[PDB]
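Structure first, then comments.
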Amino acid sequence: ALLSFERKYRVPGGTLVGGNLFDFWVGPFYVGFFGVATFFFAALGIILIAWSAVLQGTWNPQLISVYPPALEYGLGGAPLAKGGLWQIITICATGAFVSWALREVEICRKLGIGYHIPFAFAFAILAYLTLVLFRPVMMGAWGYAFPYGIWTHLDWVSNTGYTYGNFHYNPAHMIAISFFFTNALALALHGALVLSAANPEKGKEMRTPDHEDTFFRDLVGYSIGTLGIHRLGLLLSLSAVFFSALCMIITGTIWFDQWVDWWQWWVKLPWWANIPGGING
Amino acid sequence: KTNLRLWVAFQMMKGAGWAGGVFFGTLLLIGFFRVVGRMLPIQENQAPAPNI
Amino acid sequence: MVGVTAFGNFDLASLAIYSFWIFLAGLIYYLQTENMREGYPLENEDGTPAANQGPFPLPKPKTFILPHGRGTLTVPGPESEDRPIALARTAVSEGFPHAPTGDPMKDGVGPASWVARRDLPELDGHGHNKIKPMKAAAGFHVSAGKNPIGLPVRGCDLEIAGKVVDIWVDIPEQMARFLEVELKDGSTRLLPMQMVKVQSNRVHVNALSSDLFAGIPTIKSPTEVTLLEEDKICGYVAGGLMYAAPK
Amino acid sequence: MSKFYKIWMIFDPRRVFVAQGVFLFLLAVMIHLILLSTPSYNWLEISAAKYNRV
Amino acid sequence: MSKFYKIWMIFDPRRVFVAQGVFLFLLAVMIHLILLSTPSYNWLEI
Amino acid sequence: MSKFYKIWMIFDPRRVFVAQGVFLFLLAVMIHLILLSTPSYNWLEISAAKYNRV
Amino acid sequence: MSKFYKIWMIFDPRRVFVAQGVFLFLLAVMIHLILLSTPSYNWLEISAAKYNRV
Amino acid sequence: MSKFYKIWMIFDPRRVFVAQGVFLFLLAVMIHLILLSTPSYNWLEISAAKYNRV
Amino acid sequence: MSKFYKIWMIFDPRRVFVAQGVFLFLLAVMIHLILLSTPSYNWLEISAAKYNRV
Amino acid sequence: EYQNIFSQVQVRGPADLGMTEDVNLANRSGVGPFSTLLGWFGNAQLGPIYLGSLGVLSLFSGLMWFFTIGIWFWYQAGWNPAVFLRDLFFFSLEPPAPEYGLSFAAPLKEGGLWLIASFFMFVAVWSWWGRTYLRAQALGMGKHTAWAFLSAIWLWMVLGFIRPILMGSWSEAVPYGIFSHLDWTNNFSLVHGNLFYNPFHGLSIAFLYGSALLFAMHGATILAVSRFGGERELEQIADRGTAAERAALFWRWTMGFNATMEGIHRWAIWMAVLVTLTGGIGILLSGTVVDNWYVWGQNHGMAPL
Amino acid sequence: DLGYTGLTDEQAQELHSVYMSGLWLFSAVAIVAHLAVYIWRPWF
Amino acid sequence: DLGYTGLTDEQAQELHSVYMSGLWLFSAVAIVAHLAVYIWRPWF
Amino acid sequence: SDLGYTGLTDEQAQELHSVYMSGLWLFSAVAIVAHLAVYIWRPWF
Amino acid sequence: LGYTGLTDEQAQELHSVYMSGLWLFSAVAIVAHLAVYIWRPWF
Ligand SMILES: CCCCCCCCCCCCCCCCCC(=O)OC[C@H](COP(=O)([O-])OCC(O)COP(=O)([O-])OC[C@@H](COC(=O)CCCCCCCCCCCCCCCCC)OC(=O)CCCCCCCCCCCCCCCCC)OC(=O)CCCCCCCCCCCCCCCCC
Ligand code: BCL
Ligand SMILES: COC(C)(C)C/C=C/C(C)=C/C=C/C(C)=C/C=C/C(C)=C/C=C/C=C(C)/C=C/C=C(\C)CC/C=C(\C)CCC=C(C)C
Ligand SMILES: COC(C)(C)C/C=C/C(C)=C/C=C/C(C)=C/C=C/C(C)=C/C=C/C=C(C)/C=C/C=C(\C)CC/C=C(\C)CCC=C(C)C
Ligand SMILES: COC(C)(C)C/C=C/C(C)=C/C=C/C(C)=C/C=C/C(C)=C/C=C/C=C(C)/C=C/C=C(\C)CC/C=C(\C)CCC=C(C)C
Ligand SMILES: [Fe+2]
């Protein structure tokens, strides 16, 4: 049931809504007010995905797809069999995500730790709402959101990207990709370094943080530190998600053409625009 | 107790008012996005349907 | 090899994907068992071994050789709290909170908890103390921030509780770790640097009211701090967030 | 049959009541949405067709 | 309904009242939205 | 078979009860959904066809 | 074969029981789904054809 | 080859038994799926042709 | 030649045995799949053609 | 209110020259300058850096690769600095044309210079890998960094060396340019059906998203328990403190299971090496085993028939 | 008496009486609203 | 004799009696609702 | 001996199993009646 | 090599009950297969 050290931490407090009501654990899980809300919303969304599979006529989990309303419904309601199930599932998903974040806040303040984790999760919630709520509302139809299918939302990604030609000419998209790649590289390096210090050559003592600093200074001439590497990890992940949200929010709203055509402002700059040579001349 | 009736009503209203504030705040945010998209030239340039 | 199938629709891509599913299941098993080296076996709320322990067996012990002759650590191993817990059950059934019997901040339970870590200071790669007061550190000075030395310290009740006397510095990382605060009675306490906000004219401690500063655990040696003392100080200051909400 | 009251020797009523409320509300919402999905038993469309509202 | 008042010896009434207000408001909003999506009963449209 | 009661010496009754309840509910929902997927056992559409409701 | 009982000296009975229950349920579900995928063993469609229900 | 028993002085029987069970089950499933994928040796389709069930 | 037993004082038998087992199984599976994807050595199809199972 | 994102007080002392386990100290440099800007976020100290035989080899080869591409770019600009700055991101060293196969007879302008640059890059990358291994070995540490780098090298080798050989043509390889290798990526997806329906492509994307997820979770967790000295994880592994227990209990009460202060780093290293490993496999299978991934998905229950 | 909440029997009875008064008022308002809607636009 | 929740035998009996009263009230309401729906629009 | 991992005695296990079997047989009887009704209404064999 | 803390008698008794359960499960499965094979043989 409990970990060897868990008992002294399970104390009555830290709730946002309610009091001793909902202030208990079910197995390992803590279930506050927002635990109840999360469970209800998640279960309803999953059963509605299953019922949409029933209506669709497929039981292959890779072929199940819940499509948004067609463009002719605009931002209004749609019949359940045609677009309404997607809307109810979207509401359930938003409720589940927000209740999960608030439940994390309750757990954080019961344990006395900072609220870094719910904030970081709120970043991902905002990216999801950008794709499913804000961009469809600005573009004026629920039909611009993506469907709930394992391989059909990839079709949404492909169609949306190829509407504007090659999509990785979008500049905020380039920044987001660079952040994602740097994040994966930093995660690999950090995990490898801590493991290499804690698991040295056979028969040796554990290495110290001095050895980690020394290793990176020998390798690349700089060490960011331990606090530094964790700050950098949080910031790289959040920056990647923020720039992805930005590059999608500006895509069908401010920009309307090929992004490669966007990159021509630099080439057509007056003081080299007509010099005859190279690629663009 | 009349004070008891008022206290139960106040608790109900506190819960209902917080739920209403959150719901209406979400609606106000949606209206903000709807308005800023109304001021944009989306109508002139409409994207095709991504879902097929 | 384009279109070469051994049976059905099974080609090198299908073979690769199924091999990867098998590999991924094995890798997840390995990662979970490696994570199971602390806190197990699972216990009942009365301390006895729980009936249930889980789908993953406990891993074989491995030993760490600690530096500077500090000994060895073998995990998984017999783990005991080695301190009294002043908590009482609020319910006979499991899954309910345990209420503190006395003052939670003095007793060190809940968000004010601490662990019985080693009673020795943390060392650096060369064997010296990792954390030193900036006065005892040689050549250390404040470089580019607001220097907190001499600033008054304000608690969460907007009342002055003391003044900053020194800064305790992590020598290998070259970062400030603690603020040393002198109280009204001429006694000094350590405050975690991550729990204070250094302003233009003051240092503000949101977690702790002015009267609670005297209750911070003290260090038995003015020149060094051990791991156990660090646990007590950090746990006390953090427990102030929940247990000093009024005033 | 007559000894079913001992289920409260196993489960504290507070968590049981929370779980039962969640389960019953979820089940009722499920069934109502399932009925609303079908062209028959969609009482709103049935009424619209019956009274020629269109 | 003879002894239903003992529910208040199981759950704290303040918390129950607040949670019940939240539940009732959310249920009313859900039903109103379901009505609005239908071409009939859309009182805003008419 | 006369000693099947010792499973309660092996397994804690309340964890078994929770897991069994979840399993039974999910199994029942699975079977009902499978029946609703079949055109010849979707009782809602069977009743729609029988009473000529379109 | 007369000493197969010592596997309970090797393996803890309750972990084996949980794993065995999960394995048996998943195996049964797999076989039933395989049969339902086959047109000549989908008993629901076999009954639909036999009693002429469309 | 008589003293193959000394393998258990090298390999923990608990790990070997689990690994062997996983290996044997996966191998059996793989071979059965190979046979089902072959138009001959698919016993379900063989019987469907033999008894004119299509 | 007769001193090949000296290898067991350089490699510990556990790692060698595990590595050898994994290697042998993977090699055998790869060879079988290579033969199975070759029309001239696919024994299932050879048997199908020999006995006219089409 | 203090979130521990930026340091509020910065201190400096004598520079830390580093450990001397059995590193050859004659191959180290002096310490560089301290930077306040970097010290706001992490450490201020720059250097020293170790330079050895493999450092020299990697630097020479990487500099030659960079200079070869740069001189080709200057040639494409017509030696005009204005055109060089305008059409930067548009220049590209291309691999030999498809009709040359794997041969080395392609002219300098038509792909021979690409082969020279590729050879220099090959030497630079492999000598840097050896350097990571040897720097780990000198300090007595495990070689985890070398193996993670080996995963990255696997994907790089498949893209540039292994797959072109199996396809029988250097024209399959990636060109050296900013926009040109993006164009190569897009055309690679278009030629082979739809790379979204490559299952190992999907796994690679799953592990890239998972790296972002796990790194955000872990950075947030360590910053949240940094008030208890949770950033000093190497000591929390040896002597568990309240920081590690609070982090474990947060994740246990949230999602039902937790990690340790070392197991989380095992999760981290595997989550990253898996994106690169699965990506390498997925690219290797494209064109050599599957020519049209969408049709493959249709035949494997992933797309509607 | 279980008494998880600290209420006595009389306190629970009084609280339930007031709660039921409120519930019946809410239900009466809802019934009138449904009657008005059904007269205006029946759904059966 | 067996105890996991701290309830005695009489407490469990009383709680179960009230719970069954509530369950039968809920079931009676559901039965009336199903009878009304089946008369209005049978599904068999 | 007991072998118990759960702390139940022999009598406690017997009583718990008796009540559990009563519940199981009630559930099974209801399921049997439901299947009989469905099979009469619409047989699947 | 106790490995679980069970004695010899405890292992024997547990295995006896386990085998009773296994044979009951197998008998039910055998009857089910006989019914299916009579209804619709697969050989
Ligand atoms: C076939 C499918 C099914 C297979 C099996 C299925 C059965 C069930 C699953 C079983 C698998 C479970 C895996 C869990 C292992 C746990 C590993 C671990 O983290 O720590 C334990 C252990 C040591 O732990 P430790 O306590 O930290 O030790 C510290 C030491 O004290 C001091 O430190 P140290 O010096 O000892 O080094 C520490 C390091 C030690 O780790 C290593 O030694 C790794 C060695 C390199 C990998 C081998 C391939 C390299 C290319 C071949 C050329 C050289 C061969 C290797 C040379 C060996 C020399 C020693 O340990 C680590 O923790 C490393 C963490 C990250 C490793 C990342 C490895 C990246 C490999 C890049 C691949 C490049 C080519 C790929 C080609 C395509 C392959 C599909 O490390 C290992 O055992 C590493 C395992 C390496 C696995 C390689 C990946 C295999 C990819 C196959 C994918 C499936 C096939 C899909 C396609 C199929 C097509 C048909
Ligand atoms: C139209 C474009 C196509 C497409 C075409 C491709 C192709 C083609 C490839 C990918 C690949 C990848 N794609 Mg894709 N991709 C598309 C859409 C997506 C989407 C999306 C939301 O739509 C996402 C998230 C991704 C994501 C991904 C990554 C998971 C993956 C690359 C792993 C990586 O880290 O590589 C970056 C890391 C490396 C290349 C390793 C580099 C290692 C070397 C050693 C570094 C040496 C440095 C060198 C010496 C320079 C020195 C610098 C100085 C030292 C400073 N793609 C669509 C469908 N994608 C790759 C893959 O693996 O696919 C299976 C790949 O090859
Ligand atoms: C794809 O395949 C398909 C779906 C088509 C078909 C597959 C079918 C197969 C795979 C499904 C298999 C299902 C399993 C095998 C069914 C098992 C059912 C049994 C396990 C259900 C038993 C339920 C028993 C419950 C109802 C008992 C309840 C007892 C009372 C509620 C409480 C009694 C407990 C007492 C009070 C304990 C306290 C007493 C002590 C003294 C305190
Ligand atoms: C897709 O499949 C579909 C959806 C189509 C069909 C599938 C259907 C199946 C899967 C659904 C299964 C449903 C379940 C099994 C139905 C069970 C219903 C029962 C469990 C409901 C019981 C309700 C009991 C409640 C109403 C009791 C309430 C009592 C309160 C009113 C007062 C109690 C207060 C007492 C206890 C206080 C005691 C304290 C003092 C001190 C004694
Ligand atoms: C693709 O391939 C297809 C699917 C077509 C075909 C593949 C088929 C093959 C791969 C499937 C292989 C399946 C395996 C080999 C089947 C094995 C079945 C056996 C292992 C099932 C045995 C079950 C035994 C259970 C029913 C026993 C239960 C006993 C009672 C429930 C409890 C007894 C325990 C007592 C109480 C312990 C306590 C006593 C002590 C004294 C306290
Ligand atoms: Fe870390």
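Remarks
- Looking at the protein assembly as shown, the DSSP beta bridges with both ends there are about 95 percent antiparallel.
- Here segment J:238-305 and segment J:166-180 have alpha carbon centers that stand 29 Å from each other.
- Ordered by the number of other Cβ atoms lying within 10 Å of each residue's own Cβ, fewest first, A:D257, J:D183, C:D82, A:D155 fall into the sequence C:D82, A:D257, J:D183, A:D155.
- Expressed as a fraction of 2.2 N^0.38 Å, the value expected for a compact globular protein of N residues, the C-alpha radius of gyration of segment I:4-51 is 1.89.
- For segment A:107-118, putting each phi into the Karplus relation 6.51 cos²θ - 1.76 cosθ + 1.60 with θ = phi - 60° gives couplings of 5, 3, 6, 6, 8, x, 9, x, 8, 7, 6, x Hz, in residue order, rounded to whole numbers and with x for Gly and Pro.
- Quotient of C-alpha Rg and 2.2 N^0.38 Å, computed over chain C: 1.42
- For D:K3, no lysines have a Cα closer than 17 Å to its Cα, not counting residues fewer than 8 places off in the same chain.
- Ordered by the number of other Cβ atoms lying within 10 Å of each residue's own Cβ, fewest first, A:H190, A:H230, K:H34, A:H153 fall into the sequence K:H34, A:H153, A:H190, A:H230.
- Spin-label model distance (nm) - L:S17 vs E:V29, 7 Å beyond Cα toward Cβ: 4.3
- Where a label projected 7 Å from the Cα of J:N299 along Cα→Cβ would reach, residues of segment J:198-215 with amide N under 16 Å: J:198-199
- Translational diffusion of chain J was estimated from the Stokes-Einstein equation, with Rh taken as the Kirkwood radius over Cα pairs; at 20 °C and 1.002 mPa s the coefficient is 92 µm²/s.
- Neighbouring partner chain Cβ atoms per residue of G:17-30, average, 10 Å criterion: 2
- Alpha-carbon gyration tensor eigenvalues x 5, square-rooted, for chain K, Å: 38, 10, 5
- Divide the volume of the convex hull around the Cα atoms of segment J:49-106 by the residue count and you get 140 Å³ per residue.
- Sum of -39500 (n - 2.57) over DSSP H runs of 4+, divided by residues of chain A (222 nm, nearest 500): -18000 deg cm²/dmol
- Span from the segment J:3-59 Cα centroid across to the chain E one, whole angstrom: 62
- Taking the Cα atoms of segment A:164-263, the ratio Rg/Rh between the radius of gyration and the Kirkwood radius comes to 1.20.
- Straight-distance crosslink candidates among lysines, where the alpha carbon sits under 24 Å from F:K50 and sequence neighbours closer than 8 are dropped: D:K50, G:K50
- With respect to chain J, whose longest principal axis is taken over its alpha-carbon atoms, helix J:178-191 is tilted by about 70°.
- Label point 7 Å beyond Cα of I:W8 along Cβ direction - residues of segment H:1-40 with amide nitrogen under 15 Å: H:1-11
- Put simply, segment C:101-247 fits an ellipsoid with semi-axes of 24, 20, 12 Å; these come from the alpha carbon gyration tensor as the roots of five times its eigenvalues, largest first.
- Between helix C:227-243 and chain C there is an angle of about 80 degrees, using the helix long axis and the longest principal axis of the Cα atoms.
- Taking every alpha-carbon pair under 8 Å whose residues sit at least 6 apart, chain C reaches a relative contact order of 16 percent.
- Simple spin-label estimate for C:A25 and N:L34 gives 3.4 nm between the two label positions (7 Å along the Cα-to-Cβ direction from each Cα).
- Footprinting exposure proxy ranking of A:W272, F:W43, H:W8, fewest other C-beta atoms within 10 angstrom first, gives H:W8, F:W43, A:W272.
- Once the Cα atoms are used to define both axes, helix C:12-35 deviates from the longest principal axis of chain C by about 40 degrees.
- Relative contact order (%) - segment J:232-305, alpha-carbon pairs under 8 angstrom, separation at least six: 16
- Set A:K202/G:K6; C:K146/C:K184; C:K220/J:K143; F:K6/H:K6; A:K110/C:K220 screened for pairs whose C-alpha atoms are more than 32 Å apart: A:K202/G:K6; C:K220/J:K143; F:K6/H:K6
- Relative contact order %, segment A:81-153, counting alpha carbon pairs below 8 Å whose residues are six or more apart: 25
- Fully extended contour minus Cα-Cα distance, from J:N24 to J:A82, at 0.36 nm per residue: 16.2 nm
- For chain M versus segment C:10-32, the gap between their alpha-carbon centres in whole angstrom: 39
- Its alpha carbons give the protein assembly as shown an Rg and a Dmax of 35.0, 105 Å.
- Its convex hull of Cα atoms gives segment A:24-178 a direction-averaged projected area, equal to a quarter of the hull surface, of 11.7 nm².
We place every Cβ from the backbone using ideal geometry, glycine too, and count neighbours over all the protein chains shown. Coordinate-derived values only; no laboratory data.
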